[PDB]
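Residue strings, one per chain:
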Amino acid sequence: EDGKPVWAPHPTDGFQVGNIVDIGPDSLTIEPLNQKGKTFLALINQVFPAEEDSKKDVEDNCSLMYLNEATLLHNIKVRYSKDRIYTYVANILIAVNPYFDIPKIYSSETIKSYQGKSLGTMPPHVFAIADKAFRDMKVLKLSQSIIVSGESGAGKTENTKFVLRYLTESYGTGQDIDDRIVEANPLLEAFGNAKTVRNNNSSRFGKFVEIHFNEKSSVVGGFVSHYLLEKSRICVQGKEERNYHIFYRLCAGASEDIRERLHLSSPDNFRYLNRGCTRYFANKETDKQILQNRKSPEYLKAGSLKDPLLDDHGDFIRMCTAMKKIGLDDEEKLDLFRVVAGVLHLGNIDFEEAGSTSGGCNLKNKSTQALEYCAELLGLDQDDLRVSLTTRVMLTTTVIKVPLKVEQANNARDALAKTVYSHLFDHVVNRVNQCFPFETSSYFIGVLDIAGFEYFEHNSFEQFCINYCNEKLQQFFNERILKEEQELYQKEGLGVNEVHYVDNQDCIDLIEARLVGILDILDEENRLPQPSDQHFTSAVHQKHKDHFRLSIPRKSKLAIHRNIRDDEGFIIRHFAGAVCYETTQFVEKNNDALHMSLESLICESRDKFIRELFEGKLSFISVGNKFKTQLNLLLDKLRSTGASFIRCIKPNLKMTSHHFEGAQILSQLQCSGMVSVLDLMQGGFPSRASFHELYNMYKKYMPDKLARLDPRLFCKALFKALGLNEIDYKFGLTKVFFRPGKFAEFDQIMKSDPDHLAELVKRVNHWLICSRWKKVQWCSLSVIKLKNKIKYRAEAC
Amino acid sequence: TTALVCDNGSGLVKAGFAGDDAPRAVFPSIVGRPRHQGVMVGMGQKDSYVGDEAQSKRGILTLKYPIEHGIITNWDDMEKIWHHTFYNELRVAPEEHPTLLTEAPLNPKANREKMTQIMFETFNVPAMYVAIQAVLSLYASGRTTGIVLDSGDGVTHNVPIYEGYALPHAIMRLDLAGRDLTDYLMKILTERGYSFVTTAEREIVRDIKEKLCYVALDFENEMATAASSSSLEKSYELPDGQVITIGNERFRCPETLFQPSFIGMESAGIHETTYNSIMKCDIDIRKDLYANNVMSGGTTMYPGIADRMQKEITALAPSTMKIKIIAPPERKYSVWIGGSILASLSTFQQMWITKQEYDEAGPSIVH
């Protein structure tokens, strides 16, 4: 409406206040409220209606008159300076990290205050989700799941620890399992956590820490499960990225009585480390403790990497302290270093072309002493390993050896490193689960923590599997939100109603459908006698010529993406928008070739620790299918349990206390799927206010007679007086529900003509006396029917 | 944004932004469809390969130059040249830059209109202009007077310009050099028993036309020493391992530029077309057309030019007249360095034909 404030797109704050002083077909001439005369232009989809009272905050976001992402951004801007870091959006908890310890919130008196209290009546906190998940376990007769997203530094580690604290305090009577995850956190900071372009410490796996509950409601055990891993990162990294952190912390923290036994050298030597960044994280004090022979030329030129918490020299010490606490001796700790060092001496093995004698490939002469120092770490013979890295062993039933091509041997040598390190991380997790064996199993409350929608300027194959994992989790997110709203309307007595659902199945079919999907073409290209990346890119727009979820790079508005040639990349639209991916090295990173001749050699090792790691047809196997198959084992498990979605917000780039950046927070609202769920709720009734809320707001505008009434009869009389439309306004059980922009329309009816409103209250005065009679008459008949129940029941005792 | 100078070569299409060094993309203009059936199953094959890829895939395609005798074969193939050039070589969208395009002098109407019109609707450039390749070579050499030579495979031209006005009455277009020199070389290499008749193989002929050929000081005296036992032969090596030894024909092929009677065509040599265009200009101006004779185009890069041209002109020209023939290095990129200087200057920004003005005016604005 005219004259009414709208939100305006301001680059430094996301949205600010502003008014509309001219308009065109597609654009609005926006004049800011605080900066008059600045008068810019904005499009129809870039403006949002603002509320009249903007100085107030709400605990529950369904109490807003205008529910959008600009009024959600202003609600968590006001709450940030009131130190209210938790915010209730239906079944979604929005938690904002303050980087400081707030008083009394983690208190045990606070924990027993929340215990058993109804929902929504207590202030938002993370203990109000954990108490709800215990009650929607035992009552429901179904297991539960807490889903934690967000980027690194957003508080997703700290929110996980408060969940496990509440279960071993409020309901668990004893069981000290809570901090055994926390105490062996540096093991997963080495093995699983790596370095990405926008994050220094990022988890690259689906952490599923589950807590077993028995039928008697006691904590009987826990279990840690892991899903996904970046197979490519193990052997080849991007620009300025690192590999996993155990390949830097072992290099930085190793002593010289360990270096003589593992034959370690500086990272420049090793091909699985020199591709990316070789620099260590350190501080001034630990920079003095790093030995000269551990330093690479890049380390000499550019020095240590700066982080306030990461220290690759000092956290190797706090890793080996944690291996003493968890359950590992020094001999078993050394065997977890012999496997890591064997991977480093595998990547330097090169393959030339054979001298016409029987076809195939042979090893290079510069790779001879490098094989001798690697085969004793793997427990195998150097003459048998040379055959196994060059031949395809089969039978004619004699057993023949048929040599492989040069490119197939480079892919098979890196496939051994993507198999040994894959089973090594599964051995670390299984060893940790044997340090706290569960007593029994029945019901479970687990925490799924994984990285959010993460993307860079030029996206890789590693980020393609992350954004594909978040799209499938976005499908299940909106599926659980629609089910909660349909059983809210029924619970308030409004019954069933039609709501429009948004589908993303066409984006899923684009990526993973049989024969036509992007991952299906990628796995087929490996089978060709000559694989290409130009043939892969052209095949995507061969089979998918139409569709809106996919375009050419030149169609993008961004200049950087317009420099990409047609056969060098593609743009795939996801829930968080249009994300471009380049296709160079995509097939190479997907191609894995672990075959019989090498799979049945590392299992046959003379070393015993190596055989413990590994517990015709198919040759090259299906590599692009393992990423779909492993994810389906988690999605159907999430469908079998309840869900508790906790979205974690990072408020500023520096990660320092009391700083709000609305050009970085708004980007995480649109990359969390929060804005998508607010679009869904416009289809229903997004604005709802309890009877006590509408009594505190509107009693001053009413006559003194109407003001004397109780909140439910005050609202019932007010709804009847005005004569409101039944499809727009709905009278619930504890709340009044509204269609979009009709709580706002309601607020203007109360601010309109006092004499007209007084006359409508006069006209409903007979009905109001009759309603107030029947209220006390049927309440006295209620006490008499409960007196007749006490007698009827005690007649059968 | 930065303006883009894209030269409609006869060769050898040339492309690079405005200023200040050298072209970014140069490639042989060829489009080639695959003449044999594929059996690989990928399939992985393109519908039409452009250069450079069509010069790496010789012998399985049928090479077709899209511009022949100074005029384009069809705009269906020409659009693919343009699309390939902007997108997969230069990596730029036409909506980002005002462009500068080139043409050939004495080219039939309505082929500048149809070009301009199609390019505005297909590529949606915000502004454009079309300059003849010969005029641009004045700027490249830093001259303001002289006769300008745009000589590419297979149309040469002779345009006289005087400080700083052009003379319409003396403009000469010869369809003589260089693609007919390529065809003639193939006809006198068959005389030594090497059969290169096929379209792909014709490119190899073009490559030996570049590297091994030379111009004589005097034909008759080079022919005399050819009859002698002393070797003029140079040995070329061929992709299939063959060794080709050419001698006599080595100086015969370029000499055609001074004697077209070798091809049997009636037209007169560069020698005489230079003189006869000068002697179609007014008396006072003739004085400064001599000594501003500027050669341009890649087909003038033979070693014996310009000092053959010099000796021949000095013999026909009036006695005691100062004659210097200007031939710098890099003549193949002369045109591009010309265009670069032009499009950077004020006020020529306002000489460009912009889209709104073109939309109102239509094809009649061109001239």
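Residues numbered from 1 in each chain as written, not as in the entry; some residues may be left out. Chains lettered and ligands numbered in written order. Part of a larger assembly, values for the part shown. Heavy atoms only, no water. Residues with missing side-chain atoms left out of burial classes, pairs and counts.

- For this deposition, the record names cryo-EM as the technique by which the model was determined and cites 4.6 Å as its resolution.

## Some words on the overall build of chain B
- Check the secondary structure of chain B and you find 13 helices and 20 strands.
- Relative to the compact-globule value of 21 Å for 367 residues, chain B shows a C-alpha radius of gyration of 22 Å, a close match.
- Structurally, chain B occupies a C-alpha span of about 70 × 65 × 35 Å along its principal axes.
- Across chain B, contacts joining residues at least 24 apart in sequence account for 57% of those joining residues at least 6 apart. (Helix = DSSP H or I, 4+ residues; strand = E, 2+ residues; numbered from the N terminus. Rg over C-alpha atoms; globule rule 2.2 N^0.38 Å. Contact = heavy atoms within 4.5 Å.)

## Notes on the overall build of chain A
- Each helix and strand in chain A was counted, giving 33 helices and 24 strands.
- Each principal axis of the C-alpha distribution contributes one length, and for chain A these read about 105 × 75 × 60 Å.

## A word on the pairing of strand β8 (residues 144-148) of chain A
- As paired strands, β8 of chain A and strand β17 (residues 443-449) of chain A are joined by 5 bridges and run parallel to one another. Across the sheet, the residue bridging to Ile146 of chain A is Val447 of chain A, located in β17 of chain A. (Pairing = 2+ DSSP bridges.)

## Comments concerning the UniProt feature "binding site: Mg(2+) 2" (unreviewed entry) in chain A
All names here are of chain A.
- The UniProt record annotates "binding site: Mg(2+) 2" (unreviewed entry) at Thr157 and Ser203. The annotated residues occupy 47 residues of the chain but converge on a single region, no pair of C-alpha atoms lying more than 10.3 Å apart.
- Locating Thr157 in the fold gives a position in helix α4 (residues 156-171).
- With respect to the secondary-structure elements, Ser203 resides in strand β10 (residues 199-203). (UniProt positions renumbered as here; feature names shortened; annotations may be inferred.)

## Some remarks on the packing of helix α4 (residues 133-140) of chain B against helix α12 (residues 334-344) of chain B
Residue and element names in this part refer to chain B.
- Contact pair α4 / α12: the axes reach a minimum separation of 7 Å and the direction vectors enclose 75 degrees. Classed by the angle they form, the pair α4 and α12 counts as roughly perpendicular. Between α4 and α12, the residues in contact are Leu136, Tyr139 and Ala140 and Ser334, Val335, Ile337, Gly338 and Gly339, respectively.
- Within the contact of α4 with α12, the residues separate by chemical class into 5 nonpolar, 3 polar and no charged. (Axes fitted to C-alpha atoms, helices over the stretch in contact; angles between N-to-C directions. Parallel < 35°, antiparallel > 145°, perpendicular 65-115°, else oblique. Nonpolar A, V, L, I, M, F, W, Y, C, P; charged D, E, K, R; others polar.)

## A word on the pairing of strand β1 (residues 6-10) of chain A
All names here are of chain A.
- Of the pairings in the sheet, the one linking β1 to strand β2 (residues 14-23) comprises 5 bridges and is antiparallel in character. Bridge pairing in β2 places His10 opposite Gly14.
- Where β1 folds back on β2, the antiparallel hairpin that results is connected by 3 residues.
- Note that β1 and strand β5 (residues 48-49) share 2 bridges and pair antiparallel. Bridge pairing in β5 places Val6 opposite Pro49.

## Let's talk about the sheet that holds strand β6 (residues 61-64) of chain B
All names here are of chain B.
- Pairing within the open sheet is antiparallel, and its 3 strands lie in the order β5-β4-β6. Of all strands in the sheet, those bounded by a partner on one side alone are β5 (49-50) and β6.
- Summarising the sheet, strand β4 (residues 31-34) and β5 pair through 2 bridges and their orientation is antiparallel. Across the sheet, residue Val31 finds its bridge partner in β5, namely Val50.

## Thoughts on the sheet that holds β5 of chain A
Residues and elements named next belong to chain A.
- Reading across from one edge, β4-β3-β2-β1-β5 is the order of the 5 strands in this open sheet, with antiparallel pairing throughout. Of all the strands in the sheet, just β4 (40-43) and β5 have a single pairing partner and so form its edges.
- Strand direction decides the pairing type here: β2 and strand β3 (residues 27-32), joined by 5 bridges, are antiparallel. Bridge pairing links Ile23 to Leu28 in β3.

## Brief notes about helix α30 (residues 711-722) of chain A
- When the terminal C-alpha atoms of α30 of chain A are compared, their 17 Å separation across 12 residues agrees well with the 16 Å that a helix rising 1.5 Å per residue should span.
- Of the residues trailing α30 of chain A, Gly723 of chain A is marked for its positive phi of about 80 degrees. (Expected span 1.5 Å × (residues − 1).)

## Looking at the environment of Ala282 of chain A
- Note that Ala282 of chain A resides in the loop between α9 (271-274) and α10 (284-287).
- Excluding residues that lie within four positions of it along the chain, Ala282 of chain A makes contacts with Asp287, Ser304, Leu305 and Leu310 of chain A.

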